[PDB]
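Pasted below: final.txt, compact mmCIF, C-alpha atoms and all ligand atoms.
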```txt
# COMPACT_ATOMS: atom_id res chain seq x y z
CA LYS A 1 -0.01 47.14 115.49
CA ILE A 2 -2.73 46.24 117.99
CA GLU A 3 -4.07 49.23 120.01
CA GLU A 4 -3.28 49.25 123.71
CA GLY A 5 -5.96 49.71 126.43
CA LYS A 6 -8.68 48.10 124.31
CA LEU A 7 -9.79 44.59 123.30
CA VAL A 8 -10.68 43.48 119.79
CA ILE A 9 -12.25 40.03 119.56
CA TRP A 10 -12.79 37.84 116.53
CA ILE A 11 -15.40 35.12 116.55
CA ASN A 12 -17.09 33.23 113.73
CA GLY A 13 -20.30 34.70 112.34
CA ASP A 14 -22.28 31.56 113.27
CA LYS A 15 -21.62 32.13 117.00
CA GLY A 16 -23.51 34.17 119.60
CA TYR A 17 -21.48 37.30 118.85
CA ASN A 18 -24.17 39.73 119.98
CA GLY A 19 -24.27 37.87 123.26
CA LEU A 20 -20.50 38.05 123.56
CA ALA A 21 -20.70 41.81 122.75
CA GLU A 22 -22.94 42.15 125.85
CA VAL A 23 -20.30 40.53 128.12
CA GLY A 24 -17.90 43.06 126.59
CA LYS A 25 -20.23 45.91 127.58
CA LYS A 26 -20.26 44.60 131.15
CA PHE A 27 -16.43 44.58 131.18
CA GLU A 28 -16.37 48.10 129.84
CA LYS A 29 -18.77 49.44 132.56
CA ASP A 30 -16.60 47.95 135.35
CA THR A 31 -13.09 48.70 134.04
CA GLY A 32 -13.51 51.39 131.37
CA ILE A 33 -11.94 49.08 128.75
CA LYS A 34 -13.81 49.08 125.50
CA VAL A 35 -14.36 45.70 123.91
CA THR A 36 -15.03 45.34 120.17
CA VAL A 37 -16.53 42.09 118.79
CA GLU A 38 -16.07 41.31 115.10
CA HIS A 39 -16.75 38.34 112.94
CA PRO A 40 -14.66 38.66 109.74
CA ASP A 41 -15.32 36.19 106.92
CA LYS A 42 -12.77 33.32 106.76
CA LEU A 43 -11.23 34.54 110.05
CA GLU A 44 -9.50 31.15 110.54
CA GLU A 45 -7.46 31.96 107.40
CA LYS A 46 -7.16 35.71 107.96
CA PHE A 47 -5.90 35.43 111.54
CA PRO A 48 -2.49 33.82 110.69
CA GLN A 49 -1.98 36.41 107.91
CA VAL A 50 -2.53 39.53 110.03
CA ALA A 51 -1.13 38.13 113.28
CA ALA A 52 2.16 37.44 111.49
CA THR A 53 2.64 41.21 111.18
CA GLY A 54 1.66 42.02 114.77
CA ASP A 55 -1.92 42.91 113.83
CA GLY A 56 -5.31 41.28 114.18
CA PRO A 57 -7.51 40.86 117.27
CA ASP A 58 -6.32 40.55 120.83
CA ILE A 59 -8.51 37.44 121.19
CA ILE A 60 -9.51 34.90 118.59
CA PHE A 61 -12.22 32.25 118.89
CA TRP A 62 -12.27 29.04 116.93
CA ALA A 63 -12.51 25.26 117.51
CA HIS A 64 -9.21 23.98 118.97
CA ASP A 65 -8.16 22.12 115.78
CA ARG A 66 -6.72 25.28 114.22
CA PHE A 67 -4.77 26.36 117.31
CA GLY A 68 -1.73 24.04 117.07
CA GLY A 69 -0.93 25.57 113.68
CA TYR A 70 -1.21 29.11 115.15
CA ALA A 71 0.88 28.18 118.17
CA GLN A 72 3.46 26.51 115.94
CA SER A 73 3.89 29.79 114.04
CA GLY A 74 4.32 31.64 117.32
CA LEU A 75 1.02 33.54 116.91
CA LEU A 76 -0.59 32.58 120.27
CA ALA A 77 0.42 33.46 123.83
CA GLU A 78 0.86 30.68 126.35
CA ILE A 79 -1.80 31.00 128.98
CA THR A 80 -1.17 29.99 132.57
CA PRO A 81 -4.37 30.02 134.68
CA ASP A 82 -3.86 29.01 138.29
CA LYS A 83 -4.93 25.56 139.50
CA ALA A 84 -8.01 27.09 141.15
CA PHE A 85 -9.27 28.45 137.85
CA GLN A 86 -8.35 25.25 136.04
CA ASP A 87 -10.43 23.16 138.42
CA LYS A 88 -13.54 25.02 137.22
CA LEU A 89 -13.41 23.57 133.69
CA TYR A 90 -13.51 19.90 132.69
CA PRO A 91 -10.03 18.35 132.48
CA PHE A 92 -10.58 16.98 128.98
CA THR A 93 -11.36 20.42 127.63
CA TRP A 94 -7.97 21.61 128.89
CA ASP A 95 -6.40 18.64 127.04
CA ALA A 96 -7.81 19.92 123.74
CA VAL A 97 -5.95 23.20 124.12
CA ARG A 98 -2.62 21.82 125.26
CA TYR A 99 0.06 21.88 122.59
CA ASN A 100 3.65 20.65 123.13
CA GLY A 101 2.85 20.57 126.84
CA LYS A 102 1.60 24.17 127.02
CA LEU A 103 -1.87 25.67 127.27
CA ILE A 104 -2.52 27.94 124.28
CA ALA A 105 -6.19 28.72 124.71
CA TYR A 106 -9.12 28.85 127.10
CA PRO A 107 -11.73 26.16 126.43
CA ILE A 108 -15.26 27.60 126.09
CA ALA A 109 -17.66 24.90 124.82
CA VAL A 110 -17.85 21.41 123.36
CA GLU A 111 -19.67 20.70 120.12
CA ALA A 112 -20.62 17.74 117.94
CA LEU A 113 -23.08 17.33 115.05
CA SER A 114 -26.37 15.50 115.66
CA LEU A 115 -29.26 14.19 113.64
CA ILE A 116 -32.14 16.66 113.71
CA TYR A 117 -35.61 15.56 112.59
CA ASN A 118 -39.11 16.93 112.02
CA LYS A 119 -41.36 14.78 114.28
CA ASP A 120 -44.39 15.64 112.16
CA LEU A 121 -42.80 14.13 109.05
CA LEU A 122 -40.88 11.42 110.90
CA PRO A 123 -42.21 10.29 114.33
CA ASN A 124 -39.07 8.12 114.66
CA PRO A 125 -35.64 8.87 113.14
CA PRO A 126 -33.86 6.21 110.99
CA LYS A 127 -31.36 4.07 112.86
CA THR A 128 -29.19 3.47 109.81
CA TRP A 129 -27.92 5.50 106.92
CA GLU A 130 -28.84 2.59 104.69
CA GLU A 131 -32.60 3.04 105.17
CA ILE A 132 -32.59 6.71 104.11
CA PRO A 133 -32.89 6.09 100.26
CA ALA A 134 -36.20 4.29 100.85
CA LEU A 135 -37.46 7.00 103.28
CA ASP A 136 -36.72 9.53 100.62
CA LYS A 137 -38.63 7.61 97.98
CA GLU A 138 -41.80 7.66 100.11
CA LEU A 139 -41.37 11.28 101.24
CA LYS A 140 -40.82 12.36 97.63
CA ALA A 141 -44.22 10.88 96.91
CA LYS A 142 -45.51 13.51 99.39
CA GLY A 143 -43.54 16.46 97.95
CA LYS A 144 -40.79 16.28 100.65
CA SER A 145 -37.32 14.77 100.91
CA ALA A 146 -35.69 12.77 103.67
CA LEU A 147 -32.40 14.53 104.32
CA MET A 148 -30.64 17.81 103.55
CA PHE A 149 -27.38 19.04 105.05
CA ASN A 150 -24.24 21.05 104.24
CA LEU A 151 -22.16 19.06 101.70
CA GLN A 152 -19.77 21.97 101.10
CA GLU A 153 -17.92 21.59 104.40
CA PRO A 154 -16.11 18.25 105.15
CA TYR A 155 -16.99 18.68 108.86
CA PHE A 156 -20.57 17.59 107.97
CA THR A 157 -19.65 14.54 105.87
CA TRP A 158 -16.76 13.35 108.06
CA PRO A 159 -19.00 11.31 110.53
CA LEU A 160 -20.09 9.09 107.61
CA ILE A 161 -16.52 8.81 106.19
CA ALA A 162 -15.12 7.86 109.56
CA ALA A 163 -17.98 5.43 110.46
CA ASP A 164 -16.42 2.34 108.92
CA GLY A 165 -12.66 3.00 109.23
CA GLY A 166 -11.74 6.46 107.97
CA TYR A 167 -9.41 8.52 110.17
CA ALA A 168 -7.26 11.61 110.02
CA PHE A 169 -4.05 10.80 111.88
CA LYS A 170 -3.24 7.59 113.69
CA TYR A 171 -3.10 8.33 117.42
CA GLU A 172 -0.81 6.06 119.37
CA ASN A 173 1.34 6.21 122.51
CA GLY A 174 0.09 9.72 123.33
CA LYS A 175 1.09 11.04 119.88
CA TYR A 176 -0.30 11.49 116.38
CA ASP A 177 1.49 9.81 113.51
CA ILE A 178 1.38 12.47 110.78
CA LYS A 179 2.53 9.78 108.35
CA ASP A 180 -0.22 7.36 109.15
CA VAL A 181 -3.29 8.89 107.46
CA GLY A 182 -6.58 7.09 106.76
CA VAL A 183 -8.52 9.03 104.11
CA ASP A 184 -7.64 6.66 101.27
CA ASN A 185 -8.61 3.46 103.13
CA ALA A 186 -11.49 1.03 102.70
CA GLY A 187 -13.71 2.56 105.40
CA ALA A 188 -13.26 6.05 103.99
CA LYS A 189 -14.04 4.97 100.41
CA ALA A 190 -17.16 3.08 101.63
CA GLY A 191 -18.47 6.16 103.43
CA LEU A 192 -17.87 8.63 100.61
CA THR A 193 -19.24 6.16 98.03
CA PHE A 194 -22.46 5.96 100.04
CA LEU A 195 -22.65 9.78 100.03
CA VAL A 196 -21.94 10.00 96.28
CA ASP A 197 -24.58 7.32 95.55
CA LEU A 198 -27.21 9.39 97.39
CA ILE A 199 -26.48 12.23 95.02
CA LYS A 200 -26.44 10.03 91.93
CA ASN A 201 -29.77 8.55 92.85
CA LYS A 202 -31.27 11.99 93.36
CA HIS A 203 -31.64 11.69 97.15
CA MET A 204 -29.40 14.78 97.57
CA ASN A 205 -27.90 17.55 95.45
CA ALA A 206 -24.18 18.16 95.37
CA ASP A 207 -24.65 21.92 95.65
CA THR A 208 -26.50 21.86 99.01
CA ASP A 209 -24.90 24.17 101.55
CA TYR A 210 -25.71 25.40 105.09
CA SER A 211 -28.37 27.90 103.96
CA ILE A 212 -30.08 25.70 101.47
CA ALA A 213 -30.40 22.92 104.10
CA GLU A 214 -31.48 25.32 106.87
CA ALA A 215 -34.13 26.96 104.73
CA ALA A 216 -35.55 23.65 103.57
CA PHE A 217 -35.70 22.10 107.04
CA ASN A 218 -37.08 25.18 108.85
CA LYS A 219 -39.71 25.46 106.12
CA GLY A 220 -40.76 21.79 106.57
CA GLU A 221 -39.59 20.67 103.11
CA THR A 222 -37.19 18.02 104.39
CA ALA A 223 -37.67 15.52 107.24
CA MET A 224 -34.04 15.59 108.51
CA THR A 225 -30.91 17.66 108.69
CA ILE A 226 -27.49 17.37 110.33
CA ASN A 227 -26.23 20.35 112.23
CA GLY A 228 -24.51 21.72 115.32
CA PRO A 229 -25.83 23.55 118.44
CA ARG A 230 -25.99 26.98 116.76
CA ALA A 231 -28.71 25.86 114.35
CA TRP A 232 -31.15 25.30 117.28
CA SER A 233 -32.08 28.97 117.80
CA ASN A 234 -33.41 29.38 114.24
CA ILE A 235 -35.38 26.09 114.44
CA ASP A 236 -36.96 27.28 117.64
CA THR A 237 -38.23 30.33 115.77
CA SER A 238 -39.56 28.15 112.89
CA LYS A 239 -42.02 26.38 115.22
CA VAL A 240 -41.11 23.03 113.44
CA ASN A 241 -41.69 20.15 115.91
CA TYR A 242 -38.15 18.78 115.97
CA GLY A 243 -36.03 16.30 117.79
CA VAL A 244 -32.27 16.14 118.25
CA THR A 245 -30.78 12.64 118.33
CA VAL A 246 -27.93 10.25 117.54
CA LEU A 247 -26.66 10.00 114.00
CA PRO A 248 -27.49 6.82 112.04
CA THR A 249 -25.07 3.89 111.91
CA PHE A 250 -23.28 2.93 108.68
CA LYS A 251 -22.38 -0.72 108.02
CA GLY A 252 -23.56 -1.33 111.58
CA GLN A 253 -20.95 1.12 112.95
CA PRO A 254 -21.84 4.36 114.71
CA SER A 255 -21.19 7.60 112.86
CA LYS A 256 -18.08 9.24 114.37
CA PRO A 257 -18.29 13.02 114.34
CA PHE A 258 -15.18 15.09 114.99
CA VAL A 259 -15.57 16.87 118.32
CA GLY A 260 -14.56 20.51 118.51
CA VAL A 261 -13.83 22.55 121.61
CA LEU A 262 -14.62 26.24 120.98
CA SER A 263 -11.62 28.04 122.45
CA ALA A 264 -10.25 31.52 122.99
CA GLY A 265 -6.66 32.29 122.15
CA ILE A 266 -4.65 35.44 122.88
CA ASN A 267 -2.63 36.97 120.02
CA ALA A 268 1.12 36.82 120.84
CA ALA A 269 1.45 40.36 119.42
CA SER A 270 -1.14 41.75 121.83
CA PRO A 271 -0.04 44.44 124.31
CA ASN A 272 -3.29 43.80 126.24
CA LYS A 273 -2.63 40.24 127.40
CA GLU A 274 -3.47 40.95 131.01
CA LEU A 275 -6.71 42.66 130.07
CA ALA A 276 -7.65 39.69 127.81
CA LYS A 277 -6.99 37.34 130.71
CA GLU A 278 -9.14 39.38 133.11
CA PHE A 279 -11.98 39.41 130.57
CA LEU A 280 -11.84 35.69 129.83
CA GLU A 281 -11.46 34.33 133.34
CA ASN A 282 -13.64 36.78 135.28
CA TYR A 283 -16.30 37.86 132.80
CA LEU A 284 -16.78 35.33 130.01
CA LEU A 285 -15.94 32.09 131.84
CA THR A 286 -18.71 32.56 134.40
CA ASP A 287 -22.29 31.30 134.58
CA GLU A 288 -23.48 34.77 133.67
CA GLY A 289 -20.98 35.25 130.89
CA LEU A 290 -21.68 31.95 129.19
CA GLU A 291 -25.44 32.29 129.60
CA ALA A 292 -25.41 35.57 127.65
CA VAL A 293 -23.61 34.01 124.67
CA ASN A 294 -25.67 30.86 124.89
CA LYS A 295 -28.90 32.85 124.76
CA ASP A 296 -27.79 34.47 121.54
CA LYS A 297 -26.67 31.19 119.87
CA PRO A 298 -26.45 27.87 121.82
CA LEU A 299 -22.83 26.96 122.65
CA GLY A 300 -23.44 23.26 123.12
CA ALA A 301 -21.98 21.66 126.25
CA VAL A 302 -19.95 24.31 128.08
CA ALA A 303 -16.46 23.74 129.54
CA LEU A 304 -17.44 25.44 132.83
CA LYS A 305 -18.65 22.71 135.20
CA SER A 306 -21.06 24.89 137.19
CA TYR A 307 -23.01 26.05 134.09
CA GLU A 308 -22.83 22.65 132.39
CA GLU A 309 -24.75 21.06 135.27
CA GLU A 310 -27.71 23.23 134.43
CA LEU A 311 -27.53 22.80 130.64
CA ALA A 312 -27.19 19.03 130.99
CA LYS A 313 -30.93 18.82 131.69
CA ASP A 314 -31.58 19.87 128.06
CA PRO A 315 -32.20 16.76 125.92
CA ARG A 316 -30.56 18.53 122.95
CA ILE A 317 -27.34 18.79 125.00
CA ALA A 318 -27.61 15.15 126.01
CA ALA A 319 -27.88 14.12 122.36
CA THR A 320 -24.94 16.31 121.59
CA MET A 321 -22.80 14.56 124.23
CA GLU A 322 -23.94 11.15 123.16
CA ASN A 323 -22.80 11.91 119.59
CA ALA A 324 -19.52 13.27 120.95
CA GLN A 325 -18.83 10.09 122.96
CA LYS A 326 -19.11 8.15 119.71
CA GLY A 327 -16.88 10.56 117.84
CA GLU A 328 -13.39 11.86 118.44
CA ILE A 329 -11.79 15.04 119.71
CA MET A 330 -10.11 16.56 116.71
CA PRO A 331 -6.29 16.64 116.70
CA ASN A 332 -4.88 20.19 117.18
CA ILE A 333 -1.63 19.46 115.27
CA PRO A 334 -0.40 21.89 112.52
CA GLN A 335 -1.21 19.25 109.85
CA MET A 336 -4.94 19.65 110.45
CA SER A 337 -5.15 22.56 108.05
CA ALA A 338 -3.81 20.39 105.20
CA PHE A 339 -6.17 17.58 106.21
CA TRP A 340 -9.24 19.83 106.05
CA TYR A 341 -8.43 21.47 102.75
CA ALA A 342 -7.52 18.15 101.12
CA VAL A 343 -10.73 16.43 102.37
CA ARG A 344 -12.91 19.38 101.32
CA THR A 345 -11.53 19.13 97.82
CA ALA A 346 -11.99 15.35 97.73
CA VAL A 347 -15.66 15.44 98.89
CA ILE A 348 -16.69 18.24 96.51
CA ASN A 349 -14.95 16.72 93.49
CA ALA A 350 -16.39 13.28 94.12
CA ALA A 351 -19.91 14.67 94.84
CA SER A 352 -19.87 16.99 91.79
CA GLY A 353 -18.60 14.12 89.66
CA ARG A 354 -15.35 15.90 88.70
CA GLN A 355 -13.44 12.83 90.03
CA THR A 356 -14.29 9.30 91.15
CA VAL A 357 -14.12 8.44 94.85
CA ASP A 358 -10.88 6.49 94.46
CA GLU A 359 -9.24 9.31 92.47
CA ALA A 360 -10.48 11.91 94.92
CA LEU A 361 -9.33 10.10 98.10
CA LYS A 362 -6.01 9.04 96.59
CA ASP A 363 -5.11 12.70 95.83
CA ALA A 364 -6.11 13.78 99.35
CA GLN A 365 -4.06 11.01 100.98
CA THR A 366 -1.07 12.07 98.89
CA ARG A 367 -1.46 15.77 99.71
CA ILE A 368 -1.85 15.21 103.45
CA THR A 369 1.21 12.96 103.80
CA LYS A 370 3.38 15.43 101.82
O1 LIG A 401 -15.29 21.68 107.49
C1 LIG A 401 -13.98 21.99 107.83
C2 LIG A 401 -13.95 22.79 109.11
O2 LIG A 401 -14.57 22.01 110.18
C3 LIG A 401 -14.54 22.66 111.48
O3 LIG A 401 -15.24 23.91 111.43
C4 LIG A 401 -16.53 23.96 112.01
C5 LIG A 401 -16.42 24.61 113.37
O4 LIG A 401 -15.66 23.79 114.23
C6 LIG A 401 -17.80 24.84 113.98
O5 LIG A 401 -17.62 25.63 115.13
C7 LIG A 401 -18.74 25.55 113.02
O6 LIG A 401 -18.34 26.86 112.88
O7 LIG A 401 -18.75 24.92 111.74
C8 LIG A 401 -17.47 24.75 111.10
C9 LIG A 401 -17.68 24.03 109.79
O8 LIG A 401 -18.29 24.90 108.88
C10 LIG A 401 -13.11 22.93 111.89
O9 LIG A 401 -13.06 23.55 113.17
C11 LIG A 401 -12.43 23.83 110.84
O10 LIG A 401 -11.08 24.05 111.21
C12 LIG A 401 -12.51 23.15 109.46
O11 LIG A 401 -11.99 23.98 108.45
```

Structure encoded using structure tokens:
Amino acid sequence: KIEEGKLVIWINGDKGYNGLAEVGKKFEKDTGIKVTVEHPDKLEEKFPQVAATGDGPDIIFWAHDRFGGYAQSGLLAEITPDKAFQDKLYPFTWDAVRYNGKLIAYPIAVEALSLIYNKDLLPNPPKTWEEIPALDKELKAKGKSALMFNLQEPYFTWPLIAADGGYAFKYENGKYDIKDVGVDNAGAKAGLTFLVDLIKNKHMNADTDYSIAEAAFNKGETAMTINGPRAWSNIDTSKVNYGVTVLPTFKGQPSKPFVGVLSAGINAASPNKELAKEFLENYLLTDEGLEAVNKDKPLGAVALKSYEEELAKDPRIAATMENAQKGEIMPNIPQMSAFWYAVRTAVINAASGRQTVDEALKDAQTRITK
């Protein structure tokens, strides 16, 4: 069981967890309530396992796409902030955490992937994905490469797959059709074929992950990378002269990144629900609270209107929002977990050459509509 009179918080290890730990220390000085911040590996998978038994953290942080599945299993408490508190966050961020008409989380920040480039290697970023093979050929002649990014997580390849027609679930009439899936369609095959051809032609390696791409870019070995807000702090330290901009178009269509709203849910088994609420509304969801996390690892565009006005001046945040406006808020429906696992498998098999693109996407389509 969860201990009473204390707060345990789980947040991903790529977030500003030290910063969040500081907001917890502030809460503890004022109220006497100890706050413990942890970042278990695979917490988005572990949470449903432990929460099912009345264990786990009092508060869990993740993008909103996972939350409909948790709420469906009865693992999240319904939150009911008063209208006054609600008016402080952007309306659309509240929409991302509404499930079956109920609020199941507090929206924290908005994030989308962007194109990041080394201005010393590339004064101007490519406008199309199609010109990258040629950029790479010339950069290779100088000992560098054009682009390196995480190919192990479908989140990073999805903008290209969706660019010319790929989609997860058909949204229509204020509802998602869990039977109308678009991973096996023409647009999706075109996008993933482009990706697989980059690897075949030696422009990228199928095994590239987050650390391999980060190391290469921050070292000045590659002219471009694709990443989210959290990557910015480490690039700042690298002293690389970088720019953050809009992703390239594919077949003349803009890349469409999935947009995630970092959110905070309260475990339905938690005996400390009123403490969690006090912490979230009066300590974390304040200019001071968000600034502390943001300083540890950039949150992106925050849900709190008052603090977002100040961050909006940052060109990196502008680029982030521009990429978001071209993408799509991820669905929060329970089927999202099956979508993500099926698309991860498809991308890795196709990229590693274990299956062809058609075989890979066909299996995913089948799995998701099961
Ligand atoms: O790649 C599948 C994965 O994508 C998203 O996870 C993101 C997350 O939203 C970001 O905050 C950051 O942590 O990077 C993750 C990708 O490594 C989905 O939110 C997640 O459910 C999904 O499995």

Residue 308 in chain A proximity check over A:198, A:329, A:261, A:110, using only C-alpha atoms: winner is A:110

Shell of 8 Å around ligand LIG 401 (chain A) (all atoms listed in the file), written as an MDAnalysis selection string: chainID A and resid 12 14:15 44 62:66 111 152:156 228 260:262 336:337 340:341 344

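For the choices A:35, A:324, A:226, A:318, the atom-to-atom distance to residue 275 in chain A is smallest for A:35 when using all atoms listed in the file.
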
For residue 270 in chain A, which residue out of A:40, A:24, A:57, A:174 is the nearest one, using only C-alpha atoms? A:57

In file coordinates, which residues lie within 8 Å of (-3.0, 16.9, 103.9) using only C-alpha atoms, given as a short mmCIF file (atom, residue, chain, number, x, y, z; two decimals) with C-alpha atoms, keeping the file's coordinate frame?
```
data_model
loop_
_atom_site.label_atom_id
_atom_site.label_comp_id
_atom_site.auth_asym_id
_atom_site.auth_seq_id
_atom_site.Cartn_x
_atom_site.Cartn_y
_atom_site.Cartn_z
CA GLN A 335 -1.21 19.25 109.85
CA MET A 336 -4.94 19.65 110.45
CA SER A 337 -5.15 22.56 108.05
CA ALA A 338 -3.81 20.39 105.20
CA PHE A 339 -6.17 17.58 106.21
CA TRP A 340 -9.24 19.83 106.05
CA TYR A 341 -8.43 21.47 102.75
CA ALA A 342 -7.52 18.15 101.12
CA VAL A 343 -10.73 16.43 102.37
CA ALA A 364 -6.11 13.78 99.35
CA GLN A 365 -4.06 11.01 100.98
CA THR A 366 -1.07 12.07 98.89
CA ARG A 367 -1.46 15.77 99.71
CA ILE A 368 -1.85 15.21 103.45
CA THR A 369 1.21 12.96 103.80
CA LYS A 370 3.38 15.43 101.82
#
```

Each residue of range 99-165 of chain A with at least one atom at most 9 Å from range 209-215 of chain A should appear once, together with its nearest atom pair and the corresponding distance in Å (one decimal); atoms considered: all atoms listed in the file; ordering: chain, then increasing residue number; output as JSON lines.
```
{"residue": "A:147", "atom": "CA", "partner": "A:213", "partner_atom": "CA", "distance": 8.6}
{"residue": "A:148", "atom": "CA", "partner": "A:213", "partner_atom": "CA", "distance": 5.1}
{"residue": "A:149", "atom": "CA", "partner": "A:213", "partner_atom": "CA", "distance": 5.0}
{"residue": "A:150", "atom": "CA", "partner": "A:209", "partner_atom": "CA", "distance": 4.2}
{"residue": "A:151", "atom": "CA", "partner": "A:209", "partner_atom": "CA", "distance": 5.8}
{"residue": "A:152", "atom": "CA", "partner": "A:209", "partner_atom": "CA", "distance": 5.6}
{"residue": "A:153", "atom": "CA", "partner": "A:209", "partner_atom": "CA", "distance": 8.0}
```

Could the residues in this selection be written to a file with C-alpha atoms, as an mmCIF file, keeping the file's coordinate frame?
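Result written to selection_2.cif:
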```cif
data_model
loop_
_atom_site.group_PDB
_atom_site.id
_atom_site.type_symbol
_atom_site.label_atom_id
_atom_site.label_comp_id
_atom_site.auth_asym_id
_atom_site.auth_seq_id
_atom_site.Cartn_x
_atom_site.Cartn_y
_atom_site.Cartn_z
ATOM 1 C CA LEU A 147 -32.400 14.530 104.320
ATOM 2 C CA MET A 148 -30.640 17.810 103.550
ATOM 3 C CA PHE A 149 -27.380 19.040 105.050
ATOM 4 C CA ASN A 150 -24.240 21.050 104.240
ATOM 5 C CA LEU A 151 -22.160 19.060 101.700
ATOM 6 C CA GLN A 152 -19.770 21.970 101.100
ATOM 7 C CA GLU A 153 -17.920 21.590 104.400
#
```

Find the residues around residue 146 in chain A up to 12 Å (all atoms listed in the file counted), leave out those fewer than 5 positions away in its own chain, and share them as an NGL selection string. :A and (115-118 or 121-122 or 125-126 or 129 or 131-141 or 198 or 202-204 or 213 or 216-217 or 220-226)

Might you pull out every residue within 10 Å of range 84-96 of chain A, with only C-alpha atoms counted and same-chain residues fewer than 2 positions away left off, and present them as a ChimeraX atom specification? /A:63-65,67-68,80-82,98-99,101-110,259-263,281-282,285-286,302-308,329-332

Between A:256, A:242, A:325, A:192, which residue has the minimum interatomic distance to residue 360 in chain A, considering all atoms listed in the file? A:192

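Taking all atoms listed in the file into account, residue 181 in chain A lies nearest to A:361 out of the set A:361, A:21, A:83, A:310.
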
Point-to-point distance in Å for CA of residue 255 in chain A and CA of residue 349 in chain A: 22.3 Å

Need to verify the contact set: range 47-52 of chain A, 9 Å, all atoms listed in the file, exclusion of same-chain residues closer than 2 positions in sequence. Can you return it as a list in words? residues 10, 42, 43, 44, 45, 54, 55, 56, 57, 60, 69, 70, 73, 74, 75, 76, 267, 268 and 269 of chain A

How far is it from CA of residue 162 in chain A to CA of residue 183 in chain A, in Å with one decimal?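 Pair CA of residue 162 in chain A / CA of residue 183 in chain A returns 8.6 Å.
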
Calculated over only C-alpha atoms, which of the candidates A:284, A:312, A:301, A:357 has the smallest distance to residue 26 in chain A? A:284

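Atom pair CA of residue 334 in chain A / CA of residue 264 in chain A: separated by 17.3 Å.
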